[PDB]
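Okay, so here's just one chain, in structure tokens, the form deposited in one PDB entry.
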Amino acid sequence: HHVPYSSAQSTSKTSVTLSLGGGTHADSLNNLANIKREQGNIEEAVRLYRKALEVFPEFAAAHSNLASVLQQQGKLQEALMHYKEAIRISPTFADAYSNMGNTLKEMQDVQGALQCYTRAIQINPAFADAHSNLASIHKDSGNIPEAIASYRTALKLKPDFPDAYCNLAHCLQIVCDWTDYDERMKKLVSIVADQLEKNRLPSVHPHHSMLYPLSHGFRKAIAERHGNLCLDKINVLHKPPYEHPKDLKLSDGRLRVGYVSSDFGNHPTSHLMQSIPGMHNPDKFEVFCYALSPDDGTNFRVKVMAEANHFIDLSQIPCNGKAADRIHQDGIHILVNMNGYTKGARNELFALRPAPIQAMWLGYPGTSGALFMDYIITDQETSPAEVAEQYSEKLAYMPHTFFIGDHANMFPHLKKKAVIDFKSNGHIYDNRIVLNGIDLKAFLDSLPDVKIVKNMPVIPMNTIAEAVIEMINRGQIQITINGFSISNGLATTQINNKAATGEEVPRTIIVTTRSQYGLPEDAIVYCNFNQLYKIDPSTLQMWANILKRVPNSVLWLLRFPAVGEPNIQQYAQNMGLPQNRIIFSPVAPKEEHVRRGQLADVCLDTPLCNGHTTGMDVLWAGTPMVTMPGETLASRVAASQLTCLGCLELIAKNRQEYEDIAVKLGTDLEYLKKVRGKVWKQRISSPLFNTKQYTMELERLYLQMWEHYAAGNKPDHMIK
């Protein structure tokens, strides 16, 4: 039940062994193979390793070395056999164990990888590669402190160690340890430079590149190499180019589109587009959904399977070749890659080119940097032609924004709201005490004294009102008033967990209060619900500047992760900024997270990496978001969202403007009222949350794509 989010792919470090003082013929073969591996001639290396084995059957080094390459080629079962052989021959061969660990990890045997890694450490405490690998497991597991400790050990043992350093850098970012941030940024760029120069795979993951000050070429370059990793996996298959359909005849004139995701389940991707396959037009389209992950038991998974014309669990088709064949057999014209370099990706499928047109959509906010993807679906705001070079792909534009969300369908209970005038006579607030429900109006009919403000219903300091706040104060789950169920916002899982996760719409009327979260009733609340890694020192300062200008305001953030909080506080103090100025809350179930958005006055977006899903989440609550688009795609999503929404006023051209916009909202209350009103109104009226329309616009784009292809034309930008 842990929250899912976009995360990068796991990574491990392979160690190559040199054999000396051994058989000369063999040593040469093994050592030469090592050279080839460095150069990317995997096939050649494999042969040499085998030959070495033929010459010297009990060559431990050869076994391990061959195994690593095989692993690289996805031949995991085979690799394991060889690793074991190496160990039998040499029980204290630490390199073999560490390497074996990587394979198991790849097979998902975490407990197994751990044992292998630890054993290697036990054999050789001075083994740096092992320490790094151990660190990755901890990092993946969420034990960032250990990962940091382990990474430091590797670095201590081996100072020039890029994989460890970069991973360490990523770790620091997650918990916001900005110690020597400037230098760190400097070192990373340097490493990438050195690596790119040396035709080595960059230690900086493509997902991570967005957070560091790298040139666009470098980021694109980084992605490309990771693209290359895929070919090696598929070249072994030795498959021939597929034959692609040139007409829709076999398909009854219906365009065949397939969506490939490891995220059909409780993941942000589903939260955004679960509704779309269902909304496709049966007359002109056939929808195939290809799942890269097993059924998680979620309604999200259920809905997509039922709604799509065809659902295929490639989860059960581990062999990439077979899977691609399956897609081809399905006669797909457009295949959409929704993972990019994200956890669960099988870009190998895309490398094989099972379809005529392959497009990147929604899931990964970056370019594939790879040859196998023809287009990246975007919007003009998000991807201006000025920066097309930043992308390997051709740009296919969406009319307003490429982004979409399923909030309308998922959280209709937030369409309307009501409040309690607690103070009560002086001042009526829209965000101190809030009520949301399917049955709200019905409930309101029962209360004669409610006052309508326009618009918004306000409940006075009633006997009823008294009871509700009492429930909140006492921590009760829910209460019944005139037969209606009024429930504590903090207790939704207790009442119904499907409700808490967004699996189902909540039945009861929910009370959300500032008191629940320790927020002030007398001040402006500025918020950000993103993962802490999206924050850099620069952003905090900007936020600090803003806070300094609004006297009793506060910043609301999440323990995402929790170890991050102390760091943020200290840094803030250095800048401003008493501790009371920043308030942290724990991560919450999806519904509550979206709902508590109503409590905030304004949301301050993160410039380095914008909130994407998070941006939609905030908007649905009718809370204005201030943003400053940057060069990267990931830095421009929020602006695109706002533009679609209709609030150009919230987009900032520079830091001064951003601070200014925020400050005005904080200080000019009528303006705040006005802007909030716009957002509340527009989320509905705008096309931002309109799934049917979005799907329609999308269908439009595909056909443009298809016609172009049918015309015998290679991909080119689509700016209609």
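Sequential numbering from 1, following the sequence displayed. The term rigid core refers to the most C-alpha atoms you can superpose between the two forms while keeping them within 1.5 Å.
What comes next is about the form deposited with a partner chain bound, which is not displayed.
Worksheet item: Can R353 be called a contact residue for the partner chain in the deposited bound form at 4.5 Å between heavy atoms?
Response: Because no heavy atom of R353 falls inside 4.5 Å of the partner chain in the deposited bound form, the answer is no.
Worksheet item: Hey, in the deposited bound form, is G475 touching the partner chain, heavy atoms inside 4.5 Å?
Response: It does: once the partner chain is placed as it appears in the deposited bound form, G475 has a heavy atom within 4.5 Å of it.
Worksheet item: With a 4.5 Å heavy atom cut-off, would you call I332 a contact of the partner chain in the deposited bound form?
Response: Answer no; every heavy atom of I332 is more than 4.5 Å from the partner chain in the deposited bound form.
Worksheet item: Is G278 one of the residues lying within 4.5 Å of the partner chain in the deposited bound form, judged by heavy atom distances?
Response: Taking the distances in the deposited bound form, the answer for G278 is no, it never comes within 4.5 Å of the partner chain.
Worksheet entry | Candidate stretches 638-646, 490-498, 600-608, 441-449, one within 4.5 Å of the partner chain in the deposited bound form by heavy atom | Of the stretches listed, the one contacting the partner is 490-498.
Item to complete: Kindly confirm or deny that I433, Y517 and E521 each have some heavy atom within 4.5 angstroms of the partner chain in the deposited bound form.
Response: Yes, all three are in contact.
Fill in: Residue (of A193, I469, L248, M185) lying close to the partner chain in the deposited bound form, criterion heavy atoms within 4.5 Å
That would be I469.
Practice prompt. Overlay on the rigid core first, then point out the one of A600, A396, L642, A86 whose CA is displaced 2 Å or more between the shown form and the other one.
Written response: It is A86.
Practice prompt. Examine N34 after superposing the rigid core and state whether its CA is displaced by 2 Å or more between the shown form and the other one.
Written response: After core superposition, the C-alpha of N34 moves 2 Å or more between the shown form and the other one.
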